[PDB]
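Here's a solo chain for you in structure tokens, the form deposited in one PDB entry.
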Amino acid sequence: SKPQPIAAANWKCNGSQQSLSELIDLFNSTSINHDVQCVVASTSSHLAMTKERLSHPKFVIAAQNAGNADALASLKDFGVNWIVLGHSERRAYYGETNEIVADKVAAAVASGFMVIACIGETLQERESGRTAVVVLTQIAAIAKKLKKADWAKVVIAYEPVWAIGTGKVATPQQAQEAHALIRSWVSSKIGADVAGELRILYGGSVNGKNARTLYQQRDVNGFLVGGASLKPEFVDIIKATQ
């Protein structure tokens, strides 16, 4: 069946410390009796805080965007071994190419980290019918520096960039397509055993309502919630991974 689910919260800067605070308390008070791996990603400025307050047993802490070998080392020593790389806004605003992103992922994985790699196409990419070539080009970049063994440390997060504030809305059905597309290349390129236990999270707009239908999809193994999607309702999202 499906590998172990993953419910990750991608927190960022223009979000308050109090906001981050309240959330952590919520998570702590929450009961999770099912097999799921929760994750709280955070920028550098909050790593210390969430590290000191997050106590839920089904939760782990993760960093975002660490590339430098020294930076990695610190994280490891600081007690953080999960990292989110290749987010849409990183590629767009920080000019993080498939290459740059590939380099990072390899570094992190070498440092013994658990990586969440983000990939996705934009509106113009989809429109022009470049969806396949695009997503595949990305995944290929990454897979170019990993060994078959390294994959056990990799998590894929599909980002429907084409639906990020564009007005477009990705139906649960469309997501499945992307995920299925991704899982194929893997099974075909890396191996079946690999594609089998590989996690493919949905990094689109999710909520309490759609989280259920979304998850009932064959190739959907979790979520990467962020932006305006990140709210107390996150709790509901966790539960949906049943």
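Heads up: residue numbers just count along the shown sequence, starting at 1.
Below, we turn to the form deposited with a small molecule bound, even though it does not appear here.
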The small molecule contact in the deposited bound form: residue 163, any heavy atom under 4.5 Å: yes
Indicate whether the small molecule has at least one heavy atom within 4.5 Å of a heavy atom of residue 96 in the deposited bound form. no
Does the small molecule come within 4.5 Å of any heavy atom of residue 232 in the deposited bound form? no
Please check if residue 10 has a heavy atom lying within 4.5 Å of any heavy atom of the small molecule in the deposited bound form. yes
Within 4.5 Å of the small molecule in the deposited bound form, all of 89, 205 and 227 (non-hydrogen atom): yes
Stretch in contact, per heavy atom within 4.5 angstroms of the small molecule in the deposited bound form, of 197-205, 54-62, 213-221, 28-36: 197-205
